[PDB]
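Reading through the structure tokens given below for one structure.
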Ligand SMILES: *[C@@H]1[C@@H](O)[C@H](CO)[C@@H](O[C@H]2O[C@H](CO)[C@@H](O)[C@H](O)[C@H]2O)[C@H](O)[C@H]1O
Ligand SMILES: *[C@@H]1O[C@H](CO)[C@@H](O)[C@H](O)[C@H]1NC(C)=O
Ligand SMILES: [Ca+2]
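Numbering (the numbering used here), first residue to last: 409 to 884.
In structure tokens form, the structure reads like this:
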């Protein structure tokens, strides 16, 4: 599926090892500190697609599928998929080629997309750089395919970031020499054939900043689908230029101020407001970026705060911001693990309840986004507009005039006071009825064009015209 096809999607990102077992157990042990395979499978995912689609997601992002190093290293198993050795075999832990094709097919029967995580930068190996038997790598079965062994120490030296190895002396990540035509050609043939064999709709490309930029256009073109890159840097002047060589990047620029704004009742709404406007103006296309606050590479949101109002606001932001929302499996069950491995919790141990506070919130926010998109072909290309901020509030507007979603978010938290915010700049006409689609109350635009937004409980407010909800299942 094309970048234009992907703008309307909403992604549930999961670890294949951690989301769902074939046996469907909600009690099978998964000690994150052990760093071992817990037994999640592609078939497990298929069996729980009602759970995912019930939140209004249109797509899943699964961790990498290639065969990995076999060892239980000092840092555990390759359960995450980022330590590949044989790119023409699948990780048998997750099932067979038929199981991966059945997951793609199951998603397509429900009108959903499959996005697969891929790594071009490196292989994995149990042991120090000097101990590497390059013959285990398929097809790159020679040192001649790799950059000489060295570690990245000077992160300001982009040449060293690209040419030296990730990992350490315990688990090394041998660095492919992506400047070699033979390596480019092998990767380009591989990615096009992966996409073809498994009917993959889009890719999340790992580790993008660690491969020189000239590699990426050929890789994105060979894939033949929308590619979103992991460029792990919060500076939009570093990260957004990657969108000149790849369709999208993960929105790490928004990540840091989004987390800071909502993780505390003292968070900066100014930094978030400012970064929305910087990305809007200075990134090649904010509507092809992926918005997130939680992943397997940072502490979960609820590790910073267990306040559920704060968690609802940040989830609403992720859904309603420019670009593709991305929610990480467990976020909807308020998982609070810290850094790796604590943030790789098994989703099945929640019992997959569809009545949890954040399952309901995410379902409500996805519902109005999916509905608005279905009625407004301009929604996904209207650049999100922050219209208001104060110490505890940010309001933003997105969508075609007359059909815009106006979202008011708060960091007051669950013991927030009750008050009326008089909101200017929403663009609705006087006397217009609006539905607040999270709590299903109505607000009327005043004679002056200001919206009297009832604030309470630190709750997020998501406004849409009542007249435009005719025939929808929203708020009845
Ligand atoms: C992107 C990817 O570049 C990362 C490096 O492989 C990956 O981290 C994985 O490998 C490291 C280093 O061996 C482990 O400590 C992590 O547990 C594992 O996930 C990122 O997760 C991936 O997003
Ligand atoms: C896809 O299947 C084709 C035809 O059997 C094979 O040549 C190719 O290596 C496979 N690609 C992947 C990535 O498995
Ligand atoms: Ca590299």
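Each residue gets a CB set at the ideal place from its N, CA and C atoms; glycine is no exception.
In this chain, the beta strand (DSSP E) harbouring residue 469 covers 467-470.
For residue 777, the uninterrupted alpha helix (DSSP H) segment begins and ends at 765-783. Proximity of the region 527-535 to the region 616-630 meets the contact definition, three or more beta-carbon pairs being nearer than 8 Å.
Rounded to the nearest whole angstrom, the CA to CA distance from residue 570 to residue 620 is 6 Å. Restricted to the region 721-761, the beta strand (DSSP E) segments that are unbroken, complete and at least 3 residues in length are 732-736, listed in chain order. With a cut-off of 6 Å, the C-beta of residue 643 is classified as distant from ligand 3, since no heavy atom of the ligand falls inside that distance.
Rounded to the nearest angstrom, the gap between the Cα atoms of residue 610 and residue 854 is 45 Å.
Judged by the Cβ position, residue 601 qualifies as a neighbour of ligand 2 at the 6 Å threshold, a heavy atom of the ligand being closer than this.
Residue 570: not part of any beta strand (DSSP E); member of the alpha helix (DSSP H) spanning 566-571, first to last residue. Secondary structure at residue 844: strand, using DSSP grouped into helix, strand and coil. Contact check for residue 591 against residue 584 passes: the beta carbons are separated by less than 7 Å. Within the region 572-626, the complete beta strand (DSSP E) segments of 3 residues or longer fall at 579-581 and 610-613, listed in chain order.
The beta carbon of residue 639 sits closer than 6 Å to those of 616, 617, 647, 650 and 657, all from its chain and outside the five residues before and after it, given in chain order. Distances taken from the Cβ of residue 657 to the heavy atoms of ligand 1 include none shorter than 6 Å.
In this structure the region 777-790 does not touch the region 856-864; the number of beta carbon pairs closer than 8 Å is below three.
Taking 7 Å as the cut-off, the Cβ atoms of residue 467 and residue 417 count as close. Per DSSP, the continuous alpha helix (DSSP H) segment holding residue 426 begins and ends at 424-427. For residue 455, the enclosing alpha helix (DSSP H) stretches over residues 450-455. For residue 729, the closest of 752, 776, 523 and 705 by C-alpha to C-alpha distance is 776.
Put simply, of 612, 865 and 465 the residue whose alpha carbon is nearest the alpha carbon of residue 735 is 465. DSSP places residue 475 in no alpha helix (DSSP H) but in the uninterrupted beta strand (DSSP E) bounded by 474-476. For residue 793, no alpha helix (DSSP H) run applies; the uninterrupted beta strand (DSSP E) run containing it begins and ends at 793-798, by DSSP. Annotated three-state conformation of residue 883 is coil, per DSSP. Shortest gap from the CB of residue 540 to any heavy atom of ligand 1: 6 Å or more.
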